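Residue numbers (the deposited numbering), protein chains in the order written: chain A, 94 to 103, 109 to 158, 169 to 254; chain B, 94 to 103, 109 to 158, 169 to 254.
Backbone N, C-alpha and C define an ideal beta-carbon position, used for all residues, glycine too.
Encoded as structure tokens, the structure appears first; notes follow it.
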Ligand SMILES: CC(=O)SCCNC(=O)CCNC(=O)[C@H](O)C(C)(C)COP(=O)(O)OP(=O)(O)OC[C@H]1O[C@@H](n2cnc3c(N)ncnc32)[C@H](O)[C@@H]1OP(=O)(O)O
Ligand SMILES: CC(=O)SCCNC(=O)CCNC(=O)[C@H](O)C(C)(C)COP(=O)(O)OP(=O)(O)OC[C@H]1O[C@@H](n2cnc3c(N)ncnc32)[C@H](O)[C@@H]1OP(=O)(O)O
Ligand SMILES: NCCc1c[nH]c2ccc(O)cc12
Ligand SMILES: NCCc1c[nH]c2ccc(O)cc12
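This is how it looks when you write it as structure tokens:
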């Protein structure tokens, strides 16, 4: 359940669905992306209670991409926090990470694969096959403060 | 955690967040609403892997309502399969069950409470405080078979 995606020269990219993601490495990444720090114990609790945590590492190991899902292990899953290191965006890695994520969940027989997308990346997911408000279904938040 | 909601005669409604829901009683309720049969092993796996399951019982026990939620135990929950017996709809019980669900989750310190609303009941969740597509964020499904 580990893979080597590509090899370049002057490093590789390794997808994993294991879960060895060090909350300090992840923190480092979220910073690069400008996210605000969250209690590392609470981050560690979210990775532990996530049905699927998928990783891209850049060996020469180095966290350069992550996605994770919750799921009821049976019917539904929801994809959260898929992020890719700025100096690796625009290379196909977000696509590859997502493709394998979906594939992993299909292989575990999750039939309903959902997520919530910012307006600026909705197109990135429609290309991957995601379909917004199908049949007038709406995705709702309790008193969001964004 | 177990509460008595109302008392009537000619019976009391009981809210529980305990989790002990019989998959046979649940399947009975999903037929009463016309849902399709699903592998009891899988139904049972989706309840055990649901961060919160909340039940409505009619004692004189009879399962008359249910809602569950997945969560990463830290940041996000998603509320699925909330349903109440047609014999008991129109009485406030859907509303009561939802309020306590939300309160239980806030209690547990989940800050992001989300769900996916069918068209005919989107209004029902707006009245409870749920806001659709807040500032551009779209709920999305991968190749929905609807
Ligand atoms: C799940 C949620 O709740 S929201 C998701 C959270 N994710 C984030 O916000 C992370 C922030 N964004 C990023 O880190 C990245 O820029 C991503 C993940 C959005 C894109 O990752 P990248 O690696 O740059 O994209 P990738 O290389 O896979 O590009 C894939 C394809 O989508 C297109 N694409 C790339 N970025 C975007 C974008 N921002 N919007 C729309 N399309 C895009 C690319 O052109 C490419 O097209 P093609 O291959 O068909 O020619
Ligand atoms: C979770 C998801 O994925 S989407 C939702 C999934 N659930 C289902 O599809 C099951 C279908 N739902 C039902 O059968 C139930 O009727 C529910 C869940 C919609 C509501 O249960 P009820 O107990 O009948 O609703 P309840 O009696 O609590 O009524 C609460 C309030 O909502 C209103 N309401 C009831 N049904 C609806 C509706 N379809 N749309 C909007 N408002 C509604 C009621 O008028 C009432 O208003 P008021 O108290 O301000 O006068
Ligand atoms: N789900 C709304 C997008 C979103 C989800 N989690 C987030 C965390 C930080 C942030 O800036 C944005 C988000
Ligand atoms: N709002 C009910 C739509 C619906 C129809 N069939 C379903 C099965 C499962 C579920 O979560 C939802 C549905």
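Runs of beta strand (DSSP E) lying entirely within the stretch 186-248 of chain A, each at least 3 residues, in chain order | 220-225 and 238-240
Take the Cβ of residue 251 of chain B as the centre, count every other Cβ of all protein chains shown within 10 Å, and call the residue buried at 16 or more, exposed below.
-> exposed
Compare the C-beta of residue 179 of chain B with all C-beta atoms of chain A and state if any pair is closer than 8 Å.
-> yes
Say whether the stretch 115-123 of chain A touches the stretch 142-150 of chain A, bearing in mind that this needs 3 or more beta-carbon pairs closer than 8 Å, one atom from each stretch.
-> yes
Check each candidate in A:239, A:249, A:221 and A:235 and name the one with the smallest Cα separation from residue 150 of chain A.
-> A:221
Closest Cβ-Cβ distance between residue 174 of chain B and chain A: below 8 Å?
-> no
Applying the criterion that 16 or more other CB atoms from any shown protein chain within 10 Å of the CB defines a buried residue, is residue 101 of chain B buried or exposed?
-> exposed
Closest to residue 154 of chain A by CA distance: which of A:141, A:94 and A:179 is it?
-> A:94
Name the residue from B:230, B:241 and B:254 whose alpha carbon lies nearest to the alpha carbon of residue 254 of chain A.
-> B:241
Please check if any C-beta of chain B sits within less than 8 Å of the C-beta of residue 113 of chain A.
-> no
Would you say the beta carbon of residue 188 of chain B comes nearer than 7 Å to a heavy atom of ligand 3?
-> no
CB of residue 250 of chain A to nearest heavy atom of ligand 3: below 7 Å?
-> no
Consider the Cβ of residue 186 of chain A: report whether some Cβ of chain B lies at a distance smaller than 8 Å.
-> yes
Does the count of Cβ pairs from the stretch 182-190 of chain B and the stretch 195-205 of chain A closer than 8 Å reach three?
-> no
Where does the unbroken beta strand (DSSP E) through residue 114 of chain A begin, and where does it stop?
-> 110-114
Would a C-beta distance cut-off of 8 Å place residue 127 of chain B and residue 171 of chain B closer than the cut-off?
-> yes
Where does residue 182 of chain A sit, in a helix, a strand or coil, going by DSSP?
-> coil
By DSSP, does residue 121 of chain B sit in helix, in strand, or in coil?
-> helix
Residue nearest to residue 216 of chain B in terms of C-alpha spacing, selected from B:97, B:115 and B:110 | B:115
What residues in the stretch 226-251 of chain A bring their beta carbon closer than 9 Å to a beta carbon of chain B?
-> 226, 227, 228, 230, 233, 234, 236, 237, 238, 239, 240, 241, 242, 243, 244, 245, 246, 247, 248, 249, 250 and 251
8 Å Cβ cut-off: residues of chain A touching residue 182 of chain B = 140, 141, 143, 144 and 147
Would you report the Cα separation of residue 132 of chain A and residue 134 of chain B, rounded to the nearest angstrom?
-> 45 Å
Rounded to whole angstroms, what's the CA-CA distance from residue 194 of chain A to residue 176 of chain B? Just pull it up for me.
-> 37 Å
Could one say the Cβ of residue 120 of chain B lies closer than 8 Å to chain A's Cβ atoms, at least one of them?
-> no
When A:234, A:178, A:229 and A:248 are compared against residue 192 of chain A, the one with the closest alpha-carbon | A:229
Is there at least one non-hydrogen atom of ligand 2 closer than 7 Å to the beta-carbon of residue 180 of chain A?
-> no
Pair within 8 Å by beta-carbon distance, residue 179 of chain B and residue 141 of chain B = no
Excluding five sequence neighbours on each side, which residues of the same chain lie with their C-beta closer than 8 Å to the C-beta of residue 208 of chain A?
-> 96, 113, 115 and 152
Hey, residue 245 of chain A and residue 226 of chain B are a contact pair by Cβ (cut 8 Å); roughly how many whole angstroms apart?
-> 6 Å
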